[PDB]
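Coming up is one lone chain in C-alpha coordinates, specifically the form deposited in one PDB entry.
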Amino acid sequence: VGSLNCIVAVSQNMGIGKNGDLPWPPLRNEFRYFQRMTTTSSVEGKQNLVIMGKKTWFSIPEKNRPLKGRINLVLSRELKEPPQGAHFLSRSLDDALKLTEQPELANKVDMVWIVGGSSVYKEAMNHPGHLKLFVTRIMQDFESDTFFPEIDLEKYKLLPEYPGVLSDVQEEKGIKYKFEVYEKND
(Lines give C-alpha, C1' and ligand atoms only; values in the text may rest on other atoms or scores of the structure.)
Protein backbone atom coordinates (compact mmCIF):
# COMPACT_ATOMS: atom_id res chain seq x y z
CA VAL A 1 0.00 0.00 0.00
CA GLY A 2 1.54 3.25 -1.26
CA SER A 3 -0.49 5.57 0.89
CA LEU A 4 -2.59 5.71 3.97
CA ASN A 5 -5.18 8.16 5.37
CA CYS A 6 -6.05 9.01 8.99
CA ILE A 7 -9.29 10.77 9.97
CA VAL A 8 -10.06 12.24 13.36
CA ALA A 9 -12.07 14.96 15.15
CA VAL A 10 -10.12 16.66 17.99
CA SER A 11 -10.84 19.32 20.60
CA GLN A 12 -8.58 22.31 21.37
CA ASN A 13 -7.02 20.32 24.27
CA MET A 14 -6.36 17.41 21.88
CA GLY A 15 -9.17 15.24 23.15
CA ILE A 16 -10.84 12.57 21.02
CA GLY A 17 -12.79 10.54 23.55
CA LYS A 18 -14.49 10.51 26.95
CA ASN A 19 -16.15 7.54 28.66
CA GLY A 20 -16.14 5.44 25.46
CA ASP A 21 -17.80 8.18 23.35
CA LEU A 22 -17.05 11.67 21.92
CA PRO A 23 -16.20 14.47 24.33
CA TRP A 24 -18.65 16.86 22.59
CA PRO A 25 -22.32 16.40 21.60
CA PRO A 26 -22.85 14.58 18.27
CA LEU A 27 -22.37 16.80 15.22
CA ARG A 28 -24.40 15.45 12.32
CA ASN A 29 -22.66 17.05 9.35
CA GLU A 30 -19.25 16.30 10.91
CA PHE A 31 -20.27 12.65 11.04
CA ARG A 32 -21.57 12.86 7.49
CA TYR A 33 -18.15 14.22 6.44
CA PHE A 34 -16.46 11.25 8.08
CA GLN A 35 -18.89 8.96 6.20
CA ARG A 36 -18.36 10.68 2.86
CA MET A 37 -14.57 10.70 3.12
CA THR A 38 -14.14 7.14 4.27
CA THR A 39 -16.87 5.58 2.04
CA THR A 40 -16.38 7.31 -1.28
CA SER A 41 -14.47 5.45 -4.00
CA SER A 42 -14.96 6.07 -7.73
CA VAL A 43 -12.99 2.89 -8.59
CA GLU A 44 -15.51 0.41 -9.88
CA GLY A 45 -15.34 -2.98 -8.21
CA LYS A 46 -13.55 -1.79 -5.08
CA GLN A 47 -14.41 -0.48 -1.63
CA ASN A 48 -12.40 1.46 0.92
CA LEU A 49 -10.98 -0.26 4.02
CA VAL A 50 -11.36 1.21 7.53
CA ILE A 51 -8.88 0.10 10.18
CA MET A 52 -9.63 0.65 13.87
CA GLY A 53 -8.74 -0.51 17.37
CA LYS A 54 -10.98 -2.74 19.47
CA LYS A 55 -12.32 0.00 21.73
CA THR A 56 -13.20 2.15 18.73
CA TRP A 57 -15.09 -0.85 17.22
CA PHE A 58 -17.21 -1.33 20.36
CA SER A 59 -17.84 2.42 20.53
CA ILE A 60 -19.87 2.10 17.29
CA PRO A 61 -23.59 1.36 17.96
CA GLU A 62 -24.42 -2.29 17.20
CA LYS A 63 -26.96 -1.31 14.58
CA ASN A 64 -24.27 0.65 12.70
CA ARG A 65 -21.56 -2.12 12.77
CA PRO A 66 -19.93 -2.91 10.45
CA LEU A 67 -19.59 0.62 8.98
CA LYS A 68 -21.68 0.26 5.81
CA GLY A 69 -20.12 0.34 2.35
CA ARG A 70 -16.54 -0.18 3.73
CA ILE A 71 -14.47 -3.27 4.57
CA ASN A 72 -14.03 -3.17 8.36
CA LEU A 73 -10.78 -4.41 9.87
CA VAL A 74 -10.13 -4.43 13.60
CA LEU A 75 -6.69 -4.48 15.18
CA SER A 76 -6.20 -6.65 18.28
CA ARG A 77 -3.33 -8.64 19.81
CA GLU A 78 -5.76 -10.71 21.89
CA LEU A 79 -8.76 -11.65 19.71
CA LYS A 80 -8.52 -14.83 17.68
CA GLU A 81 -11.22 -13.86 15.20
CA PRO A 82 -12.84 -10.55 14.22
CA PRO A 83 -15.48 -9.21 16.63
CA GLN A 84 -18.99 -10.13 15.49
CA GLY A 85 -19.88 -8.12 12.39
CA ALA A 86 -16.31 -7.15 11.49
CA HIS A 87 -14.81 -8.46 8.26
CA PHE A 88 -11.12 -8.95 9.22
CA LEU A 89 -8.74 -8.97 12.16
CA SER A 90 -5.00 -8.17 12.26
CA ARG A 91 -2.32 -7.94 14.98
CA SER A 92 -0.70 -4.79 13.54
CA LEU A 93 -1.04 -2.10 10.88
CA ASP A 94 1.72 -3.65 8.77
CA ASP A 95 -0.08 -7.05 8.96
CA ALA A 96 -3.31 -5.27 8.01
CA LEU A 97 -1.69 -3.68 4.96
CA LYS A 98 -0.20 -7.04 3.82
CA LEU A 99 -3.61 -8.67 4.15
CA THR A 100 -5.02 -6.30 1.52
CA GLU A 101 -2.67 -7.84 -1.11
CA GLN A 102 -3.51 -11.48 -0.52
CA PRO A 103 -5.95 -13.09 -2.98
CA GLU A 104 -9.22 -12.41 -1.11
CA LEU A 105 -8.65 -8.62 -0.88
CA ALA A 106 -6.23 -8.16 -3.82
CA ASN A 107 -8.68 -6.70 -6.28
CA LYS A 108 -11.12 -5.38 -3.69
CA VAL A 109 -9.59 -2.47 -1.74
CA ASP A 110 -9.19 1.11 -2.88
CA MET A 111 -8.35 3.61 -0.12
CA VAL A 112 -7.20 2.75 3.41
CA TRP A 113 -8.52 4.90 6.28
CA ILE A 114 -7.36 4.73 9.91
CA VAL A 115 -10.28 5.78 12.13
CA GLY A 116 -8.85 5.52 15.67
CA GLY A 117 -8.00 5.29 18.46
CA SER A 118 -4.87 6.85 19.93
CA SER A 119 -2.49 3.93 19.46
CA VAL A 120 -3.62 3.23 15.92
CA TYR A 121 -3.14 6.90 15.00
CA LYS A 122 0.30 6.95 16.62
CA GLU A 123 1.48 3.97 14.59
CA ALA A 124 -0.10 5.10 11.33
CA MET A 125 1.44 8.56 11.63
CA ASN A 126 4.94 7.06 11.78
CA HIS A 127 4.34 4.55 8.97
CA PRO A 128 6.78 5.13 6.08
CA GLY A 129 5.70 6.90 2.91
CA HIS A 130 2.82 9.11 1.86
CA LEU A 131 0.12 9.68 4.48
CA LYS A 132 -2.63 12.23 4.88
CA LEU A 133 -4.30 13.33 8.10
CA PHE A 134 -7.86 14.62 7.82
CA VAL A 135 -8.22 16.49 11.12
CA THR A 136 -11.40 18.26 12.22
CA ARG A 137 -10.45 20.96 14.72
CA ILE A 138 -13.30 21.33 17.25
CA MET A 139 -12.68 24.91 18.37
CA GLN A 140 -13.36 24.50 22.11
CA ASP A 141 -11.98 22.60 25.07
CA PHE A 142 -13.82 19.48 26.19
CA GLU A 143 -13.08 17.16 29.11
CA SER A 144 -11.46 14.08 27.60
CA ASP A 145 -9.77 10.84 28.71
CA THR A 146 -8.32 9.85 25.26
CA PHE A 147 -6.08 12.17 23.20
CA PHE A 148 -4.72 12.55 19.68
CA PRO A 149 -0.94 12.20 19.43
CA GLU A 150 1.11 15.31 18.58
CA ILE A 151 1.45 16.19 14.85
CA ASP A 152 5.18 16.37 14.01
CA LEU A 153 5.51 19.50 11.79
CA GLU A 154 8.98 18.41 10.66
CA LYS A 155 7.09 15.61 8.89
CA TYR A 156 3.61 16.99 8.23
CA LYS A 157 2.56 20.02 6.21
CA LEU A 158 -0.83 21.72 6.60
CA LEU A 159 -2.28 21.80 3.09
CA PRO A 160 -3.78 25.19 2.28
CA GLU A 161 -6.84 23.48 0.78
CA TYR A 162 -7.94 20.11 -0.50
CA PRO A 163 -10.46 19.33 -3.21
CA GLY A 164 -13.86 18.44 -1.78
CA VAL A 165 -13.01 19.76 1.70
CA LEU A 166 -14.67 23.00 2.91
CA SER A 167 -12.24 25.76 3.99
CA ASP A 168 -14.43 28.01 6.12
CA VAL A 169 -15.30 27.66 9.81
CA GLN A 170 -18.35 25.37 10.25
CA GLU A 171 -20.86 25.52 13.10
CA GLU A 172 -23.35 22.91 14.34
CA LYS A 173 -25.30 22.98 17.63
CA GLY A 174 -23.40 26.15 18.59
CA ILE A 175 -20.00 24.41 18.23
CA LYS A 176 -17.44 25.83 15.76
CA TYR A 177 -15.05 23.60 13.92
CA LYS A 178 -12.87 23.48 10.81
CA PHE A 179 -11.64 20.77 8.46
CA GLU A 180 -7.84 20.52 7.97
CA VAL A 181 -5.72 18.21 5.80
CA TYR A 182 -2.03 17.48 6.55
CA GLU A 183 0.37 15.41 4.48
CA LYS A 184 3.82 13.84 4.77
CA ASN A 185 5.74 12.24 1.94
CA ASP A 186 8.61 10.31 3.51
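Only residues modelled in both forms are compared. Definition used throughout: the rigid core is the maximal C-alpha set that superposes within 1.5 Å between two forms. Note that residue numbering begins at 1 and tracks the sequence as displayed.
This protein has a second form, the form deposited in another entry, left out of what is shown; the following refers to that one.
Peer 1: Does the C-alpha of residue 84 move 2 Å or more between this form and the one not shown once the rigid core is lined up?
Peer 2: Where the cores coincide, residue 84 shows only a C-alpha shift between this form and the one not shown that is less than 2 Å.
Peer 1: When the two forms are laid on each other by their rigid core, does residue 95 show a Cα shift of 2 Å or more between this form and the one not shown?
Peer 2: Moves: no, less than 2 Å.
Peer 1: Just the runs, please: which groups of three or more residues in a row shift their CA by 2 Å or more between this form and the one not shown on the core?
Peer 2: When the rigid core is held fixed, residues 42-45, 101-104 are the runs that shift.
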